[PDB]
Amino acid sequence: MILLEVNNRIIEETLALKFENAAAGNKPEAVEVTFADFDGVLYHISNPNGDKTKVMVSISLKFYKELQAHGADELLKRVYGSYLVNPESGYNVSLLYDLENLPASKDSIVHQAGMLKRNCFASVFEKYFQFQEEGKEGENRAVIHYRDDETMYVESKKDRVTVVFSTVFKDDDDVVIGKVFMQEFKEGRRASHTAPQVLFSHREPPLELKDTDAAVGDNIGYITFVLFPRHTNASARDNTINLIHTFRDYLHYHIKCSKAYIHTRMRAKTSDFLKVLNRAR
Amino acid sequence: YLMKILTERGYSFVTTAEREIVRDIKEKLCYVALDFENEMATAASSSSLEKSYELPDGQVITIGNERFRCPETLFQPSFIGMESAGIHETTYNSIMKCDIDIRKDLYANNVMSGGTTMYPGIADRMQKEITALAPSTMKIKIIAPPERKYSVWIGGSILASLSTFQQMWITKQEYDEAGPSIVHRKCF
Amino acid sequence: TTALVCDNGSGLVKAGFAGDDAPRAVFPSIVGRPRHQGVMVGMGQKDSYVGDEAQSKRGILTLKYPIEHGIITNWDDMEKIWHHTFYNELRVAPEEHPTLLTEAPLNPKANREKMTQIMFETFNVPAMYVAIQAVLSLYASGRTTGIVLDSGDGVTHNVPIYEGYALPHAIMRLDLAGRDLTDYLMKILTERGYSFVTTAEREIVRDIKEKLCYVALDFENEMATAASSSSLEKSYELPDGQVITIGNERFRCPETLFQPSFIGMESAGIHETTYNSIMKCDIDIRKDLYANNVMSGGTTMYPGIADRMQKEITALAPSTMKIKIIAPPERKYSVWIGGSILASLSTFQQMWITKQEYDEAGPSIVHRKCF
Amino acid sequence: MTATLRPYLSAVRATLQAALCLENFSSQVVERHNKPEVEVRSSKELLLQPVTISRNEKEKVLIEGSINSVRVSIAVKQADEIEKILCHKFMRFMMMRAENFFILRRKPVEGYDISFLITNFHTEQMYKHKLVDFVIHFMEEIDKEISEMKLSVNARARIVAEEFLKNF
């Protein structure tokens with residue numbers, strides 16, 4: 001078992017408890033929070049407004065400057081501007097769950113409000129969706145530096161919605177996988193007979209945005225990700241965005257999960273030589 | 001030769017009933033390459049030069065630049081290893097056998113017909129290649145109208161009006177009469 | 001000292017060195033892995049028994065030879081067998097010695113990268129190149145020019161050569177192997193009333209067949225004869241102390257080469273199908289070709305088939321010209337020895353990709369945008 | 001087979017027959033507590049030669065011997081980071097298990113790739129030449145195991161999309 005959710009285990013259970021407590025009219029204890037996720041998050045939570053009956057989540061990231069530039073705000077004004085809230089300072093924005101901001105069916109928002117991370121990403125990805133749907137090339141690319149030993153942009157074409165990448169290789173023991181196994185994706189999908197385009201590129205970013213073979217014969221992953229409308233329908237879409245909002249970060253964690261694992265073989269092996277070593281007798 | 005080619009896609013799929021699909025998507029989607037070595041160079045940098053369709057249960061196949069790769073054998077019977085003049089060369093063998101007495105009449109009378117002339121890429125490339133061998137000012141206006149495909153029937157539906165031909169007909173009399181071994185200088 | 005020459009293919013492995021008189025590194029190009037709860041758990045066994053050991057244990061094992069979109073697809077199961085070569089057949093590193101690899105006609109795109117990825121990052125050879133196996137045969141014959149048959153355990157191909165210039169449109173590659181025969185052949189055991197008929201007996205079926213089969217001389221004469229005789233029926237031991245005595249099947253099922261149509265399969269029969277090479281060939285040569293008909297494989301060692309296929313071919317052919325049909329003793333075994341001996345023409349090496357070329361761009365130095 | 005390995009390790013075991021020397025003395029000028037005698041060698045004439053022995057051009061052995069205790073170190077052709085650091089995930093793993101077998105000069109010593117500390121105690125502890133007839137050859141087998149980890153690790157490279165993408 002290795003799976004995740006966009007709403008957080010840590011948060012949902014505690015604040016649904018705070019809202020079980022709000023329904024009961026209960027008195028506080030001292031919460032404040034800051035932490036991190038994939039995508040470089042500074043989460044926060046609090047007892048805002050000082051008093052016995054409020055909670056506020058807040059969040060901050062540098063490249064918000066590259067993102068507030070885009071009309072993400074309107075879907076979010078629906079899904080979360082259903083709730084009554086204001087930005088905190090130091091954070092880009094914040095959700096005040098004042099315990100008088102809570103509804104009759106207190107549960108119903110909890111999942112949604114927790115899943116907000118990817119959902120903010122989706123709230124702007126929809127524009128490249130709309131550009132593809134309006135038949136539009138090159139439109140209004142979201143160049144973001146979420147990371148910077150890496151690169152990305154979102155863009156559109158009439159057939160197909162798009163994202164593009166960069167990421168600098170550190171070690172050849174990584175590269176020897178990188179320049180092989182995605183070429184058994186870019187040439188291998190029969191047993192996984194679904195995927196959109198993903199091109200991991202050991203040197204090659206696409207041409208309207210950067211240009212191809214921009215690495216050391218293999219030392220920068222200019223990955224790229226492009227959608228067939230069997231994804232760009234109003235459905236197959238969502239499944240896939242979820243994967244992507246973790247993918248390589250989560251993957252590079254799975255690396256180490258598997259690094260650890262081999263030591264089963266190695267435990268067995270090294271123990272075997274400890275057996276074998278007796279046989280000199 | 002395209003079905004020989006499609007071994008590239010490597011499933012062991014191999015007969016007429018499938019070929020009747022291959023031919024489908026060929027007759028839908030093939031087009032004559034306009035600048036083919038640079039189209040290959042483009043495929044190797046923008047991937048957008050492959051294309052795909054769903055086969056009948058859900059099984060999409062992506063198929064490549066084949067779509068216009070294979071649409072260059074016309075100039076290049078040499079692809080099919082072949083002694084044949086390219087399309088334009090073959091044409092220019094006839095234009096050579098023609099005359100500067102008529103070469104504007106040739107370069108003007110660019111009249112198309114049939115399913116074959118219905119392809120994309122082709123009259124574009126060939127206007128270019130014809131013009132690339134022609135004199136200047138030659139009106140390389142390829143007379144390639146919608147449903148040149150059916151000009152055959154349409155021309156008959158028009159010219160059936162000139163019913164005079166119906167008397168240039170071999171009558172059932174002449175036929176029944178014939179002693180028909182004689183006919184091969186009426187026919188040839 | 002050495003440079004490395006192999007039947008890396010189907011059937012048995014049949015490898016040796018450059019220049020030898022014989023392949024020697026020899027066992028099935030198929031392997032097994034225990035199909036079982038190891039009830040005596042901790043009895044000190046590794047997870048596979050390999051070709052000859054697979055057979056020594058075949059009641060124990062799961063085994064592989066994958067989809068007829070190739071011969072195999074997880075070739076990374078010969079993964080194991082690469083070591084089974086390097087050590088368990090040899091105790092040597094490929095990384096030491098220049099290597100003669102081989103591959104077939106018309107392999108779908110990805111082959112040669114995915115291969116060479118291993119062959120140099122893993123097998124680390126000094127330098128190498130990859131051959132196609134047809135003319136290896138003519139080297140042993142001391143020839144260059146004629147029609148070469150392969151039918152085998154991987155595959156079939158039908159190959160016109162002229163000191164080179166071999167025909168891209170009249171060479172005829174085909175999926176066919178002795179591999180395939182058994183699916184019809186073994187349904188007959190319920191005609192035989194044998195309430196006892198499995199997967200692992202396919203090897204005994206193949207055995208009895210390799211011991212006693214032949215191809216019928218004029219099949220309705222044979223059918224009338226089977227309808228009137230049983231000297232046909234010939235005895236065969238089975239592993240508990242049984243015998244079975246069987247033997248009309250022994251040439252009945254050996255009609256299917258002319259009758260793929262037996263499974264309702266729309267394929268023409270063998271020589272008729274093959275003639276189309278020649279039909280697509282030059283027409284002038286078709287005189288001279290009567291003396292140039294070269295035929296070989298393990299699948300080619302049966303009785304009766306020779307005269308049959310000649311007369312069958314002759315039902316297609318004019319008379320008019322001087323025949324030679326050309327099928328040596330040990331033709332089955334022979335091909336590796338001709339390809340072994342090529343390396344003596346040291347010229348054969350100069351083609352070699354070295355590991356440098358493979359490193360620098362990648363095997364993007366040579367793969368399959370390359371022709 | 002790599003058959004000059006036979007000349008090689010037959011000559012190793014001819015050296016380890018010429019010179020199966022190691023036997024004890026304690027003291028005559030300084031204390032009785034028998035030392036890492038190969039480390040603390042003061043002077044030549046009492047003791048075995050210091051030596052080194054190529055297999056080829058990268059590969060070689062060091063052996064060095066007090067009359068009672070000995071070093072070995074051994075050098076390997078391999079030189080990629082993908083050869084080294086990956087097997088050194090193991091050569092890290094290795095060294096506490098050296099504490100479970102007591103005769104390593106417990107480091108993956110460079111110029112070579114390893115070293116050993118050997119002594120007369122062992123000659124009195126259990127057995128005779130089956131010992132060195134194990135050791136010298138076991139030492140090859142634990143190299144042939146690198147081929148074992150090779151396909152293992154390369155198949156961990158074959159973990160890759162075989163998880164992440166093959167989820168779909």
# chains A, B, ... in the order shown; residues from 1 in each chain; ligands from 1
call {"tool": "residues_around", "arguments": {"residues": "residue 204 of chain A", "least_positions_apart": "6", "cutoff": "12 Å", "atoms": "only C-alpha atoms", "output": "ChimeraX atom specification"}}
result
/A:164-168,179,210-224 /B:44-47
call {"tool": "interface_residues", "arguments": {"of": "chain B", "to": "chain C", "cutoff": "12 Å", "atoms": "only C-alpha atoms", "output": "tab-separated table (two decimals) with N, CA and C atoms, in the first residue's frame"}}
result
chain	number	residue	atom	x	y	z
B	1	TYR	N	3.01	-2.48	-50.26
B	1	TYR	CA	4.23	-1.90	-49.75
B	1	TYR	C	3.98	-1.17	-48.43
B	4	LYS	N	3.62	-4.05	-46.00
B	4	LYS	CA	5.00	-4.43	-45.70
B	4	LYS	C	5.58	-3.48	-44.65
B	5	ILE	N	5.44	-2.17	-44.88
B	5	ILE	CA	5.87	-1.09	-43.97
B	5	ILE	C	5.31	-1.28	-42.56
B	6	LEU	N	4.01	-1.52	-42.42
B	6	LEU	CA	3.31	-1.51	-41.13
B	6	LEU	C	3.72	-2.63	-40.14
B	7	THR	N	4.60	-3.54	-40.57
B	7	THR	CA	5.43	-4.36	-39.68
B	7	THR	C	6.22	-3.53	-38.67
B	8	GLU	N	6.46	-2.25	-38.96
B	8	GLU	CA	7.01	-1.28	-38.02
B	8	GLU	C	6.24	-1.29	-36.70
B	9	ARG	N	4.91	-1.27	-36.78
B	9	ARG	CA	3.97	-1.33	-35.66
B	9	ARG	C	3.84	-2.73	-35.04
B	10	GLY	N	4.41	-3.75	-35.67
B	10	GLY	CA	4.92	-4.96	-35.04
B	10	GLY	C	3.95	-5.99	-34.46
B	11	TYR	N	2.69	-5.67	-34.22
B	11	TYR	CA	1.69	-6.72	-34.05
B	11	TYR	C	1.65	-7.59	-35.31
B	12	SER	N	1.47	-8.90	-35.16
B	12	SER	CA	1.44	-9.78	-36.33
B	12	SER	C	0.04	-9.81	-36.95
B	13	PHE	N	-0.37	-8.67	-37.51
B	13	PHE	CA	-1.67	-8.46	-38.15
B	13	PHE	C	-1.44	-8.35	-39.69
B	14	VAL	N	-2.08	-9.18	-40.55
B	14	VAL	CA	-1.47	-9.58	-41.86
B	14	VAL	C	-2.35	-9.79	-43.13
B	15	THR	N	-3.64	-9.43	-43.21
B	15	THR	CA	-4.47	-9.75	-44.40
B	15	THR	C	-5.39	-8.65	-44.93
B	16	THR	N	-6.01	-8.96	-46.07
B	16	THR	CA	-7.00	-8.17	-46.80
B	16	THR	C	-8.04	-7.52	-45.91
B	40	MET	N	10.37	14.91	-42.06
B	40	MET	CA	11.05	13.93	-41.19
B	40	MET	C	11.85	14.57	-40.07
B	41	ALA	N	12.63	15.60	-40.40
B	41	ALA	CA	13.34	16.37	-39.40
B	41	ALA	C	12.37	17.00	-38.38
B	43	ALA	N	9.21	15.75	-37.49
B	43	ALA	CA	8.72	14.63	-36.69
B	43	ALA	C	9.70	14.27	-35.56
B	44	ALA	N	10.99	14.31	-35.87
B	44	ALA	CA	12.07	14.11	-34.92
B	44	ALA	C	12.28	15.27	-33.91
B	79	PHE	N	11.82	4.35	-54.06
B	79	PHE	CA	11.48	3.80	-52.75
B	79	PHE	C	11.10	2.33	-52.85
B	80	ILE	N	10.17	2.04	-53.75
B	80	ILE	CA	9.79	0.70	-54.18
B	80	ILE	C	10.85	0.09	-55.11
B	81	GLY	N	12.10	0.52	-54.91
B	81	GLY	CA	13.31	0.04	-55.56
B	81	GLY	C	13.27	0.21	-57.06
B	82	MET	N	12.50	1.14	-57.61
B	82	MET	CA	11.96	0.97	-58.95
B	82	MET	C	12.60	1.84	-60.03
call {"tool": "closest_atom_pairs", "arguments": {"of": "chain C", "to": "chain A", "cutoff": "10 Å", "atoms": "only C-alpha atoms", "output": "JSON lines"}}
result
{"residue": "C:109", "atom": "CA", "partner": "A:187", "partner_atom": "CA", "distance": 8.8}
{"residue": "C:110", "atom": "CA", "partner": "A:187", "partner_atom": "CA", "distance": 7.0}
{"residue": "C:113", "atom": "CA", "partner": "A:180", "partner_atom": "CA", "distance": 9.3}
{"residue": "C:114", "atom": "CA", "partner": "A:180", "partner_atom": "CA", "distance": 8.2}
{"residue": "C:117", "atom": "CA", "partner": "A:180", "partner_atom": "CA", "distance": 8.1}
{"residue": "C:121", "atom": "CA", "partner": "A:176", "partner_atom": "CA", "distance": 9.1}
{"residue": "C:360", "atom": "CA", "partner": "A:217", "partner_atom": "CA", "distance": 8.1}
{"residue": "C:361", "atom": "CA", "partner": "A:217", "partner_atom": "CA", "distance": 7.0}
{"residue": "C:362", "atom": "CA", "partner": "A:217", "partner_atom": "CA", "distance": 8.7}
call {"tool": "write_last_selection", "arguments": {"atoms": "N, CA and C atoms", "output": "tab-separated table (two decimals), in the first residue's frame"}}
result
chain	number	residue	atom	x	y	z
C	109	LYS	N	10.17	-1.89	-34.82
C	109	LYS	CA	11.18	-0.81	-34.69
C	109	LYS	C	12.21	-0.99	-33.57
C	110	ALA	N	11.76	-1.13	-32.32
C	110	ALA	CA	12.55	-0.89	-31.11
C	110	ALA	C	13.78	-1.80	-30.91
C	113	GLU	N	18.18	-0.83	-30.48
C	113	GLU	CA	18.50	-0.03	-29.31
C	113	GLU	C	18.35	-0.91	-28.08
C	114	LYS	N	17.16	-1.46	-27.89
C	114	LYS	CA	16.78	-2.15	-26.66
C	114	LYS	C	17.75	-3.30	-26.40
C	117	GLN	N	21.53	-1.59	-25.84
C	117	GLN	CA	21.45	-1.07	-24.49
C	117	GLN	C	22.09	-2.10	-23.58
C	121	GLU	N	25.97	-1.69	-22.60
C	121	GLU	CA	26.04	-1.23	-21.19
C	121	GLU	C	26.21	-2.39	-20.22
C	360	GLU	N	28.47	7.35	-27.25
C	360	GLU	CA	28.68	8.78	-27.41
C	360	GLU	C	27.37	9.49	-27.73
C	361	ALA	N	26.72	9.11	-28.82
C	361	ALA	CA	25.36	9.54	-29.09
C	361	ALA	C	24.39	8.75	-28.20
C	362	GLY	N	24.79	7.51	-27.93
C	362	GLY	CA	23.92	6.39	-27.67
C	362	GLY	C	24.10	5.39	-28.84
call {"tool": "interface_residues", "arguments": {"of": "chain D", "to": "chain A", "cutoff": "6 Å", "atoms": "only C-alpha atoms", "output": "compact mmCIF listing (two decimals) with C-alpha atoms, in the first residue's frame"}}
result
# COMPACT_ATOMS: atom_id res chain seq x y z
CA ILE D 82 27.56 2.28 -12.02
CA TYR D 127 41.20 -27.45 10.20
CA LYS D 130 40.29 -27.40 2.83
CA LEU D 131 40.41 -23.96 4.50
CA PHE D 134 37.69 -22.84 0.24
CA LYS D 166 1.70 0.35 -15.73
CA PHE D 168 -2.74 2.53 -15.95
call {"tool": "atom_distance", "arguments": {"atom1": "atom CA of residue 74 of chain B", "atom2": "atom CA of residue 37 of chain B"}}
result
15.2 Å
call {"tool": "closest_residue", "arguments": {"among": "C:141, C:259, C:276, C:225", "to": "residue 316 of chain C", "atoms": "only C-alpha atoms"}}
result
C:276
call {"tool": "residues_around", "arguments": {"residues": "residue 123 of chain D", "least_positions_apart": "3", "cutoff": "12 Å", "atoms": "only C-alpha atoms", "output": "ChimeraX atom specification"}}
result
/A:280-281 /D:20-24,68-69,118-120,126-132
call {"tool": "residues_around", "arguments": {"residues": "residue 182 of chain C", "least_positions_apart": "4", "cutoff": "10 Å", "atoms": "only C-alpha atoms", "output": "list in words"}}
result
residues 178, 186, 187, 199, 202, 203, 205, 206 and 253 of chain C
call {"tool": "write_last_selection", "arguments": {"atoms": "N, CA and C atoms", "output": "compact mmCIF listing (two decimals), in the first residue's frame"}}
result
# COMPACT_ATOMS: atom_id res chain seq x y z
N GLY C 178 8.39 -25.35 -36.35
CA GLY C 178 7.99 -26.64 -35.79
C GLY C 178 7.34 -26.52 -34.40
N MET C 186 -2.17 -32.79 -31.54
CA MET C 186 -2.45 -33.34 -30.22
C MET C 186 -3.94 -33.49 -29.89
N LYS C 187 -4.83 -32.85 -30.65
CA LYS C 187 -6.29 -33.05 -30.50
C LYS C 187 -6.69 -34.51 -30.83
N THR C 199 0.08 -30.73 -22.06
CA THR C 199 1.19 -29.80 -22.30
C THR C 199 2.58 -30.42 -22.25
N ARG C 202 3.63 -32.85 -24.96
CA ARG C 202 3.93 -32.24 -26.25
C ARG C 202 5.36 -32.50 -26.67
N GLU C 203 6.24 -32.59 -25.69
CA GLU C 203 7.64 -32.87 -25.96
C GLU C 203 7.83 -34.32 -26.37
N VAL C 205 5.38 -36.01 -27.84
CA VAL C 205 4.69 -36.01 -29.13
C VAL C 205 5.68 -35.65 -30.20
N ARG C 206 6.29 -34.50 -30.00
CA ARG C 206 7.41 -34.04 -30.77
C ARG C 206 8.49 -35.12 -30.82
N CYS C 253 -1.05 -35.82 -39.92
CA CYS C 253 -0.84 -34.46 -39.47
C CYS C 253 0.31 -33.78 -40.23
call {"tool": "closest_atom_pairs", "arguments": {"of": "chain C", "to": "chain D", "cutoff": "8 Å", "atoms": "only C-alpha atoms", "output": "Markdown table"}}
result
| residue | atom | partner | partner_atom | distance |
| --- | --- | --- | --- | --- |
| C:79 | CA | D:151 | CA | 7.3 |
| C:80 | CA | D:151 | CA | 7.5 |
| C:83 | CA | D:147 | CA | 7.5 |
| C:87 | CA | D:1 | CA | 7.9 |
| C:90 | CA | D:1 | CA | 5.3 |
| C:91 | CA | D:1 | CA | 4.4 |
| C:92 | CA | D:1 | CA | 5.3 |
call {"tool": "atom_distance", "arguments": {"atom1": "atom CA of residue 133 of chain D", "atom2": "atom CA of residue 14 of chain D"}}
result
11.5 Å
